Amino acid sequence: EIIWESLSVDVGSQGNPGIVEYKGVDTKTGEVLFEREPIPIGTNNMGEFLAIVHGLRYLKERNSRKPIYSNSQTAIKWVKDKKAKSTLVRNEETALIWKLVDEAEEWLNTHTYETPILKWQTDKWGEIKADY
């Protein structure tokens, strides 16, 4: 079952592709540990991929042993693969989200980390904490 001493990372979109944001919350207290303000164009999967890698950087900085939960099979797999296999066109309007994704991949390719990245089982455990 559930490690409550953990970080849950969630993405917020509505229109997909469209404005995307994300945050990292303490799984137990719901305390917001980091948040990214709205990016004008991205996809759910790119935003959740960024949320996971930001969570990794955040916990590594803090020397934390906590795991990360995500409800996204896709973003967990992209993090494992060190590759975000997004279909989002690369153009002037998507340049920011692609720059951030590209740089998150480079981070993954050049650092080690011990944080377990675990799948949040929404059908058994309810909504990921503080789900947008």
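Throughout, we count residues from 1 along the sequence that is shown.
Comparing 75 to 83 with 91 to 99, the higher mean C-alpha B-factor in the PDB entry belongs to 91 to 99. For the two regions 26 to 34 and 101 to 109, the entry's Cα B-factors average higher over 26 to 34. In the PDB entry, a CA B factor belonging to the middle third of its chain's modelled residues is recorded for residue 44. In the deposited entry, the Cα temperature factor of residue 12 sits in the bottom third of values across the chain's modelled residues. Per-chain ranking of the deposited C-alpha B factor places residue 130 in the highest third.
For residue 115, the recorded CA temperature factor ranks within the highest third of the chain's modelled residues.
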